[PDB]
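K.L.:
Residue numbers (the entry's author numbering), protein chains in the order written: chain A, 1 to 271, 276 to 319; chain A', 1 to 271, 276 to 319. A prime marks a further copy of an entry chain. Just passing along the structure, written as C-alpha cells.
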Ligand SMILES: [Zn+2]
Ligand SMILES: [Zn+2]
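Right, here's the structure in full:
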C-alpha cells in the first residue's frame, strides 16, 4: 500500500510520473534506471526516493523513444546503459589546463581520448549534427568535459580502461559533425583519350583525408592503367577549406620548426596503445603527453594525424 | 627502370592495374595494401609480386569508393584496415562441431562471439542488408567462419583479444539484417479519458525487445500518470513473428526443463567478461561454453538474451 512518485526522463527535459511500490525492484516495476550516476534497477524503491528524477535506459514509452532518436540519433538498445555507465566511470578523470590549453590527464588508458579531444579543440567552425553531442561539446568548451568524453566513448564503442585508436575515434566523431561555413574538394580523374571526370566533395568531407599525411602527397598525381590501354590519372584539382585534417598509419617523420611547417598540430603513436598530442607554437613543438607538456624544436616521431590551416588551391 | 604490374581491388571482383617501381614503398607509390593477409605498405615491391592481387584500404579511386559504399555500406575510413587486420588475427580460431552444432572454441577472449554467432545460427529467415555481411554469412553456413567473425568484430568495433558484450554485438549485427517473411508488433498506449494511440513495428524490429526477458513481462500492462491526472497505460496488443529475441541485463533465473519452457535457447553472463550459449534440446539444457558442451536439466544462471519461437498473439 505504501507508494512513491518518481519522475522518469531520458533527456532531462521531458518527465513522466510513475507511482512505485516498496515491495519490488526498479527493474520489475519500471526497468533499467540510473539515479545520481548509479544503476538502481536491482534496488527496491525507498520512501526517501520520492520526487527524484530517474534516468530510464530500456522499456521506454513511444514519446521517450522519439525524444531519444531526436537527441542521440539512431542508437543501438544498449547505448543509454553504456553512456550512463561511462558517464559514471569517467567522473574522476581530470582535464588540466597548461598555459590556457586543456589536456586530459592519464588514467585508465585514456591517452587516445587526449589526442582526439585536443585535436577537436583546434577545429574551427564545427557544429554537431546530433544535439546531445552539441550540448556536451558546448559543456566541454565551458570547462566540464565528462558528458563529451562519455558520449565519444559511447558512440565509438570504447570500453572504460581499454586502449583505443585516436584516428578511428576522431573520424567517427567527425562523421557526426558539420561545418559552419563552406568547403570544396575537387578530384579530377582522367585519360587523355577516354575523357575527364570530376568528383566534388562538400562540407567537412572536403576537410578530412585518410591515406596521405602531407599536402604534397595529397596534391600528387596518381597514375594507373586505363581501360583503353593507356594511362589513367587521379589528381586534386580544387581545394577550399577552413582547416584540413590528414590521417595515416604511424609514420616516422622528422618534424622540425626550423623549416616552419604549414601544419598547426599533429598526433603521434609510440610503439601497445600510447598517444601524444603535439602543437606548433612560438617556433616550438609542444608535446602534450596526457596532461604533461614537453617542448622541443625537432622530433623524430611515428606521426598519425596532421592538422593544416585553410586551403586555397587550384591546380 | 624495373617495374612490376600489380592488380588492385577492394572487393575481389573489380581490379585495376598499377605499374610499380622497386625503389619506393607500397605506401608511397599507392597506399595501404594487404597481400595474402599481411600489410605490405611499408615494403618495397619485389619482382616476384608481379601479377598479384593486392587489397587497398586508403587512397581509393572514385569507382573503388562507390564499390565499397555498395559492398560494406557507409563505413569509417579505418574500416578496411581493421577488417583486413581482424581477418588475419582471427585466422587461427577454431569452429568445432559438437553433434552437428557449430561452436567457436575459446581464444583471445572471443567467448562473447560464441554467444553472438550461436544465437544468429538459430535465427530463421534472416538476410543481411549489407552484401559483404550476407556473403560472409553464407560462407559461415558452409563451414568457413573467418570473414563473418572479422566483419562482426569490424562493425562492432571489437579489438582482437579484448572481451566484449554479446547483447551489444547481437543487436548491432541484427540492425544490419532483414526478415525474409513478415512480422508485426503493436503497442497500444492509452488513457480511458484522453484516447488510444497505436504504434506499429514491422520486420525484425518486431522480433527484438530489450528490457524484458519473459513473454509475460513483455505482454504485461505498464501504468504511469497521464497528463489529464488519471492513469496512462502501455500494453502489447498484437504480436506476429517467426521468432522472438528478448534481451536484458544479467538476471539470476532458475531455468528448468521440467516445466518445458517455451523458449528455444538463451545466453548467460558469469561474474569480468565470460559468456555461455545454452540451448533447449531433448528435455535438457545444452551449455556451450566456447566449444565445450555440458548437459543439465536445471540451471540457476545470470540470463542475458532469451530466444523464443514465433508469436501469434492478440490481447
Ligand atoms: Zn583511356
Ligand atoms: Zn488522460
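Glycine is no exception: its CB is placed at the ideal position from the N, C-alpha and C atoms.
With 16 other CB atoms within 10 Å as the buried threshold, where does residue 198 of chain A fall?
P.N.:
In the first chain, counting from the first residue as 1, residue 198 of chain A sits at position 198. Result: exposed.
K.L.:
Would you check whether ligand 2 has a heavy atom nearer than 7 Å to the C-beta of residue 227 of chain A'?
P.N.:
Position 227 of the second chain, counting from 1, holds the residue named residue 227 of chain A'. The answer is yes for residue 227 of chain A'.
K.L.:
Identify whether residue 87 of chain A' lies in helix, strand or coil by the three-state DSSP scheme.
P.N.:
Within the second chain, residue 87 of chain A' is the residue found at index 87, counting from 1. Three-state DSSP puts residue 87 of chain A' in a helix.
K.L.:
Run down chain A' in chain order and give the residues with a C-beta less than 7 Å from the C-beta of residue 32 of chain A.
P.N.:
Position 32 of the first chain, counting from 1, holds the residue named residue 32 of chain A. Near residue 32 of chain A (Cβ distances below 7 Å), the residues of chain A' are 211 and 249.
K.L.:
Could you please tell me which residues of the stretch 47-69 of chain A, in chain order, have their CB closer than 7 Å to any CB of chain A'?
P.N.:
The stretch 47-69 of chain A vs chain A', Cβ under 7 Å: 58, 59, 61 and 62.
K.L.:
With residue 166 of chain A' as the anchor, note down where its alpha helix (DSSP H) starts and where it stops.
P.N.:
For the purposes of this step, residue 166 of chain A' is taken as residue 166 along the second chain, with counting starting at 1. From DSSP, the alpha helix (DSSP H) with residue 166 of chain A' extends over 166-174.
K.L.:
Could you please give the first and the last residue of the uninterrupted alpha helix (DSSP H) stretch that includes residue 289 of chain A?
P.N.:
Counted from its first residue, the first chain places residue 289 of chain A at position 285. Not the alpha helix (DSSP H): residue 289 of chain A falls in the beta strand (DSSP E), residues 288-292.
K.L.:
Counting only Cβ-Cβ distances shorter than 9 Å, please list the residues of the stretch 192-224 of chain A' near chain A, keeping chain order.
P.N.:
Listed by position, the residues of the stretch 192-224 of chain A' near chain A (Cβ gap below 9 Å) are 197, 199, 208, 209, 210, 211, 212, 217, 222, 223 and 224.
K.L.:
Please tell me whether, using a cut-off of 7 Å, the distance from the CB of residue 212 of chain A' to the nearest non-hydrogen atom of ligand 2 is below it.
P.N.:
Here residue 212 of chain A' is taken as the residue at index 212 of the second chain, counted from 1. Flag unset: Cβ of residue 212 of chain A' not near ligand 2.
K.L.:
Does residue 131 of chain A come out as helix, strand or coil in the three-state DSSP assignment?
P.N.:
Residue mapping note: residue 131 of chain A aligns to position 131 of the first chain, counting from 1. Of the three classes helix, strand and coil, the one that applies to residue 131 of chain A here is helix, per DSSP.
K.L.:
Kindly identify the DSSP beta-bridge partner or partners of residue 191 of chain A.
P.N.:
Walking along the first chain from the start, residue 191 of chain A turns up at place 191. Partner(s): A:195.
K.L.:
Using the Cα positions of residue 67 of chain A and residue 14 of chain A, report the straight-line distance between them to the nearest angstrom.
P.N.:
The residue you call residue 67 of chain A lines up with position 67 of the first chain. The residue you call residue 14 of chain A lines up with position 14 of the first chain. Each residue's alpha carbon lies about 9 Å from the other.
K.L.:
Per DSSP, residue 50 of chain A' forms a beta bridge with which residues?
P.N.:
By one-based count along the second chain, residue 50 of chain A' stands at place 50. The partner list for residue 50 of chain A' (beta bridge, DSSP) is empty, contrary to what the question assumes.
K.L.:
Mind reading off the beta-carbon distance from residue 302 of chain A' to residue 254 of chain A'? Whole number of angstroms is fine, and I expect it under 8 Å.
P.N.:
What you label residue 302 of chain A' is simply residue 298 of the second chain in a count that begins at 1. What you label residue 254 of chain A' is simply residue 254 of the second chain in a count that begins at 1. Indeed they touch by this definition, with Cβ atoms about 7 Å apart.
K.L.:
Tell me whether residue 224 of chain A sits in a helix, a strand or coil according to DSSP, three-state version.
P.N.:
For the purposes of this step, residue 224 of chain A is identified with residue 224 of the first chain, where counting begins at 1. Looking at residue 224 of chain A - three-state DSSP - the assignment turns out to be strand.
K.L.:
Does any heavy atom of ligand 1 sit closer than 7 Å to the C-beta of residue 232 of chain A?
P.N.:
Position 232 of the first chain holds residue 232 of chain A. Yes, the beta carbon of residue 232 of chain A sits closer than 7 Å to at least one heavy atom of ligand 1.
K.L.:
Pairs of beta-carbons, one from the stretch 16-34 of chain A' and one from the stretch 149-168 of chain A, closer than 8 Å: are there three or more?
P.N.:
Because the criterion of three Cβ pairs below 8 Å is not met, the stretch 16-34 of chain A' and the stretch 149-168 of chain A do not touch.
K.L.:
Examine chain A' for any beta-carbon lying closer than 8 Å to the beta-carbon of residue 189 of chain A, and answer yes or no.
P.N.:
Position 189 of the first chain, counted from the first residue, corresponds to residue 189 of chain A. Interface residue, yes.
K.L.:
Looking only at its own chain, which residues have a Cβ that is under 7 Å from the Cβ of residue 181 of chain A, when we skip the five neighbours before and after it?
P.N.:
Along the first chain, one-based indexing puts residue 181 of chain A at 181. Correct list, in chain order: 125 and 242.
K.L.:
Nearer than 7 Å: is that true of the beta carbon of residue 18 of chain A' relative to any heavy atom of ligand 1?
P.N.:
Numbered from its first residue, the second chain carries residue 18 of chain A' at position 18. No, ligand 1 has no heavy atom inside 7 Å of this Cβ.
K.L.:
Looking at the unbroken alpha helix (DSSP H) that takes in residue 309 of chain A', where does it start and where does it end?
P.N.:
Counting from one through the second chain, the residue named residue 309 of chain A' turns up at place 305. That residue, residue 309 of chain A', is in no alpha helix (DSSP H); its beta strand (DSSP E) goes 302-318.
K.L.:
Just to check, is the beta-carbon of residue 193 of chain A' closer than 7 Å to a non-hydrogen atom of ligand 2?
P.N.:
Along the second chain, one-based indexing puts residue 193 of chain A' at 193. Result yes, Cβ under 7 Å from ligand 2.
K.L.:
In this structure, does DSSP put residue 279 of chain A in helix, strand or coil?
P.N.:
Translated into positions along the first chain, residue 279 of chain A becomes position 275. Correct three-state label for residue 279 of chain A: strand.
K.L.:
Can you tell me where the alpha helix (DSSP H) holding residue 8 of chain A' begins and where it ends?
P.N.:
Within the second chain, residue 8 of chain A' is the residue found at index 8, counting from 1. Where residue 8 of chain A' is concerned, there is no enclosing alpha helix (DSSP H), although the beta strand (DSSP E) it sits in stretches over 3-9.
K.L.:
Tell me, please, whether the CB atom of residue 175 of chain A is closer than 8 Å to any CB atom in chain A'?
P.N.:
Numbered from its first residue, the first chain carries residue 175 of chain A at position 175. So, interface residue.
K.L.:
Give me the residue from A:184, A:247, A:5 and A:280 with the minimum Cα distance to residue 52 of chain A.
P.N.:
Taking the first residue of the first chain as position 1, residue 52 of chain A is located at position 52. Closest option to residue 52 of chain A, Cα to Cα, is A:5.
K.L.:
Rounding to the nearest angstrom, what Cα-Cα distance links residue 317 of chain A and residue 250 of chain A in this structure?
P.N.:
Indexing the first chain from 1 puts residue 317 of chain A at position 313. Indexing the first chain from 1 puts residue 250 of chain A at position 250. Roughly 27 Å separates the two Cα atoms.
K.L.:
Any beta-carbon of chain A' closer than 8 Å to the one on residue 156 of chain A?
P.N.:
Counted from its first residue, the first chain places residue 156 of chain A at position 156. With 8 Å as the cut-off, residue 156 of chain A counts as an interface residue toward chain A'.
K.L.:
At what residue ranges does the stretch 239-270 of chain A contain a whole run of the beta strand (DSSP E), taking only runs of 3 or more?
P.N.:
Correct list: 265-269.
K.L.:
Determine whether the beta carbon atoms of residue 190 of chain A' and residue 233 of chain A' lie at a separation below 8 Å.
P.N.:
Against the second chain, residue 190 of chain A' aligns to sequence position 190. Against the second chain, residue 233 of chain A' aligns to sequence position 233. Yes, they are a contact pair.
K.L.:
Mind pulling the chain A residues with CB within less than 7 Å of residue 147 of chain A'?
P.N.:
By one-based count along the second chain, residue 147 of chain A' stands at place 147. Near residue 147 of chain A' there are no residues of chain A at all, since even the closest Cβ is about 21 Å away, more than 7 Å.
K.L.:
Please report the straight-line C-alpha distance between residue 98 of chain A' and residue 235 of chain A', rounded to a whole angstrom.
P.N.:
The count along the second chain starts at 1 and reaches residue 98 of chain A' at position 98. The count along the second chain starts at 1 and reaches residue 235 of chain A' at position 235. For residue 98 of chain A' and residue 235 of chain A', the distance between alpha carbons rounds to 41 Å.
K.L.:
Please identify the residue among A:192, A:245 and A:152 whose C-alpha is closest to the C-alpha of residue 206 of chain A.
P.N.:
By one-based count along the first chain, residue 206 of chain A stands at place 206. Per the Cα distances, A:245.
K.L.:
Are the C-beta of residue 102 of chain A and some C-beta of chain A' separated by less than 8 Å?
P.N.:
Along the first chain, one-based indexing puts residue 102 of chain A at 102. For residue 102 of chain A, the answer is no, since every Cβ of chain A' falls outside 8 Å of its Cβ.
K.L.:
Are the C-beta of residue 268 of chain A' and some C-beta of chain A separated by less than 8 Å?
P.N.:
Stepping through the second chain from its first residue, residue 268 of chain A' is reached at position 268. Not closer than 8 Å to any Cβ of chain A, the Cβ of residue 268 of chain A' fails to qualify, so no.
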